[PDB]
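Numbers here are sequence positions counted from 1. The figures that follow rest on heavy atoms only: side chains count, while hydrogens, waters and symmetry mates do not.
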Amino acid sequence: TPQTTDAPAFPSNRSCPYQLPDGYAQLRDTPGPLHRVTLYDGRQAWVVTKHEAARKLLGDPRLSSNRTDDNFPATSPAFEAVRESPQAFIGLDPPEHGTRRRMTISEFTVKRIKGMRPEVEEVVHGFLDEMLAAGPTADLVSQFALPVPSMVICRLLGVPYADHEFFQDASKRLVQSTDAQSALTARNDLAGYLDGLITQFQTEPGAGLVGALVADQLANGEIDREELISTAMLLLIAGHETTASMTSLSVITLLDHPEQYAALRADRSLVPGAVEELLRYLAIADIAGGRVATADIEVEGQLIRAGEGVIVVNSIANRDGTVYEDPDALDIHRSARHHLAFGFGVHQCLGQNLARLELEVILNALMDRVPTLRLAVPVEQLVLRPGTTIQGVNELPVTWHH
Ligand code: HEM
Ligand SMILES: CC(=O)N1CCN(c2ccc(OC[C@H]3CO[C@](Cn4ccnc4)(c4ccc(Cl)cc4Cl)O3)cc2)CC1
């Protein structure tokens, strides 16, 4: 008897870095803002698959971000690590979301990001210096894509880059965790490290966001010590793991579209617009779209009930053809405005403009310093991370004219 279902398994895994999984193309192609899916443990949930309905639902305070709710949609057993408190503000609703978020925004302003450009350029060209001096073949991930945003986010936070071996290993173990025990261990490892850093700042006040939170909000009782740990850990992992994935997938994608990459090198004024298109097209943080309804929500004749899980799948929303004509075509010249790679609304990515800065500087540096850059293995041989985490590749063999 047939196996066809009306609530297919979710998430799906990419088989090409810049292509929707087959099941997601199916969801994109079916009319209506929502579709039922089956999560890993058999629970049904809703996915949002259309662009404006995704903006609307991201804007709806009845869809809560509280990951500790028992009805929050967990997409893998590893969710239990981040299901355990205290949540950073990414998992808070108004008004608590605002009080905590505002403790960090000063580090991510347009003015501050502008002020970081000389640092980002120096760090990028330093790791390129070292990689190009050693000659090919190199893994772009370990040699460049990951160290660059790690060094930058360390100075922003006041986390000593000398500890990068420890905290990068713990972050990777957390990001890649496929069961709760592995994820909790990695999280506990980072948590204890950050607790010791807090104690060091209480002895010796210091620079960086962590040092600022310790000396002010923590000392006034306005943030819990373990809330500070959760917030710093969010920013540290988002600050280097997510951006690193965006670099490697962008390089793969541009090399698979040689005409567009050549147009980009020939006119660097196109880089900001290319960055927006790559963000729309690669949408690497599908995993960040989970919500839980605290009240019934009517959506174009379909009803979300209080207690149901909803996942706003921004990658599928970003392929909405009513917003992006020929949505599966990479076009660095198109209008990629209003894309949802960073979300929308009160939770829109705090790091978005640092990510935009870093990708711009990195793309120009690679075109400047390594114009002969090419992959050292076929694209099909690369290993893509599954849909249960941030999209990316575990390694990226590259070569170039030595
Ligand atoms: C290409 C890189 C990145 C992408 C695609 C991305 C994606 C996202 C998305 C989709 C959200 C919305 C989550 C939701 O609605 O629940 C978000 C939130 C957030 N991101 Fe990013 N992110 C990136 C880089 C960064 C960086 C570099 C940081 C630096 C610390 C960062 C920090 C945050 C924070 C703190 C939030 C929570 C915002 C809030 O709850 O008010 N992200 N991100
Ligand atoms: C639920 C599940 O399957 N898993 C496995 C993947 N996990 C994971 C993945 C990435 C990660 O990096 C930093 C976290 C911080 O926020 C996200 C998304 N993000 C990244 C940058 N800006 C936002 C995120 C990621 C996962 C989930 Cl469920 C929700 C969210 Cl907002 O990454 C930290 C943990 C742990 C939970």
Side-chain angles (χ1 to χ4, degrees), residues 11 13 39-41 65 67-68 72-92 104 139 141-142 145-154 156-200 208-210 213 224-248 284-290 349-351 383-395:
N13 292 337
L39 303 183
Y40 75 98
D41 64 343
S65 291
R67 328 308 211 207
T68 73
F72 194 91
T75 59
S76 122
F79 186 73
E80 304 167 42
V82 288
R83 199 183 214 113
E84 288 184 17
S85 277
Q87 291 242 259
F89 55 86
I90 193 156
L92 296 178
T104 68
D139 170 20
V141 176
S142 60
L146 191 63
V148 163
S150 179
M151 180 168 287
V152 171
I153 197 73
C154 279
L156 187 149
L157 295 171
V159 172
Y161 182 75
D163 299 319
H164 69 261
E165 196 170 327
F166 168 83
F167 74 65
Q168 285 167 197
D169 171 70
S171 301
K172 181 188 54 67
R173 280 186 285 113
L174 180 44
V175 174
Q176 292 187 304
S177 284
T178 64
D179 57 68
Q181 179 176 326
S182 292
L184 282 168
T185 291
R187 198 209 172 272
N188 293 357
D189 284 340
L190 286 172
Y193 171 68
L194 294 165
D195 193 73
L197 185 53
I198 287 175
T199 300
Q200 188 61 220
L209 175 59
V210 171
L213 298 168
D224 291 338
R225 183 173 186 119
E226 293 65 35
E227 278 190 299
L228 210 169
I229 293 179
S230 289
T231 307
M233 190 184 313
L234 162 57
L235 297 174
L236 175 73
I237 300 181
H240 78 287
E241 269 289 340
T242 321
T243 39
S245 304
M246 192 61 197
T247 290
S248 296
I284 64 171
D286 328 53
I287 193 66
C349 180
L350 180 59
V383 179
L384 296 162
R385 297 182 171 178
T388 46
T389 185
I390 304 289
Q391 310 285 349
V393 297
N394 295 321
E395 65 280 313

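Take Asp169 and apply the salt bridge (charged side-chain N to carboxylate O under 4.0 Å, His left out) test, not counting sequence neighbours, and it matches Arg173. Taking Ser230 as the reference, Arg187 meet the side chain to side chain donor-acceptor pair (under 3.5 Å) condition, with sequence neighbours excluded.
Residues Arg83 and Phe72 approach most closely at NH2-O, 3.4 Å, considering heavy atoms. Nearest heavy-atom pair, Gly387 versus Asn13, reported as atom, atom and distance to 0.1 Å: N-OD1, 2.7 Å. When all heavy atoms of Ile153 and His240 are compared, the pair lying nearest together is CG2-CB, 4.3 Å. Looking at every heavy atom in both residues, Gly239 comes nearest to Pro149 through O-CB, 3.4 Å. Taking all atoms of both residues into account, the shortest heavy-atom contact from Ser76 to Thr178 is OG-O, 4.3 Å. Here the shortest heavy-atom pairing between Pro73 and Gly290 reads CG-CA, 4.2 Å.
Within the 4.5 Å cutoff, no side-chain heavy atoms of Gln176 are placed close to those of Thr389. Contact annotation: the side chain of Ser65 never approaches that of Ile90 to less than 4.5 Å [non-hydrogen atoms, C-beta and beyond].
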ask   = Would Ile237 and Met233 satisfy side chain to side chain contact (heavy atoms under 4.5 Å, CB included), going step by step from the backbone distance to the final call?
value = CA-CA 6 Å; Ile237 300 181; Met233 190 184 313; 3.8 Å; yes

task = Walk me through it: do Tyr40 and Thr388 pass the test side chain to side chain contact (heavy atoms under 4.5 Å, CB included)?
result = CA-CA 10 Å; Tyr40 75 98; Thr388 46; over 6 Å; no

key: Residues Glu241, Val175; criterion side chain to side chain contact (heavy atoms under 4.5 Å, CB included); working and verdict   = CA-CA 8 Å; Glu241 269 289 340; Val175 174; 3.9 Å; yes

task = Starting from the C-alpha separation in whole Å, work towards a yes-or-no answer on side chain to side chain contact (heavy atoms under 4.5 Å, CB included) for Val383 and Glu395.
result = CA-CA 8 Å; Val383 179; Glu395 65 280 313; 3.9 Å; yes

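Within the model, atoms NZ of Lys172 and CZ of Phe167 stand 14.0 Å from one another, a figure rounded to the nearest 0.5 Å. Taken from OG1 in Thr231 to CG in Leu209, the straight-line distance is 8.5 Å, to the nearest 0.5 Å. Separating the CD atom in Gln168 from the CG atom in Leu190 is a distance of 11.0 Å, to the nearest 0.5 Å. The structure places CD1 of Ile229 at 13.5 Å from CG of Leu234, a figure rounded to the nearest 0.5 Å. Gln87 CD to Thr68 OG1: the interatomic distance, rounded to the nearest 0.5 Å, is 6.0 Å. With rounding to the nearest 0.5 angstrom, the CG atom of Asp189 is 11.0 Å from the CG atom of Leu194.
For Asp139 (side chain) and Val141 (main-chain N/O), a donor-acceptor pair under 3.5 Å exists by modelled atom type. Within the 3.5 Å criterion, the main-chain N or O of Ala183 finds a donor-acceptor partner in the side chain of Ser177. Not a single donor-acceptor pair under 3.5 Å links the side chain of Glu227 to the backbone N or O of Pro86.
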For residues 157-165, which side-chain N or O atoms pair as donor and acceptor with protein atoms under 3.5 Å away, sequence neighbours left out?
| unit_1 | atom_1 | unit_2 | atom_2 | d |
| --- | --- | --- | --- | --- |
| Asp163 | OD2 | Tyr193 | OH | 2.6 |
| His164 | ND1 | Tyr161 | O | 2.7 |

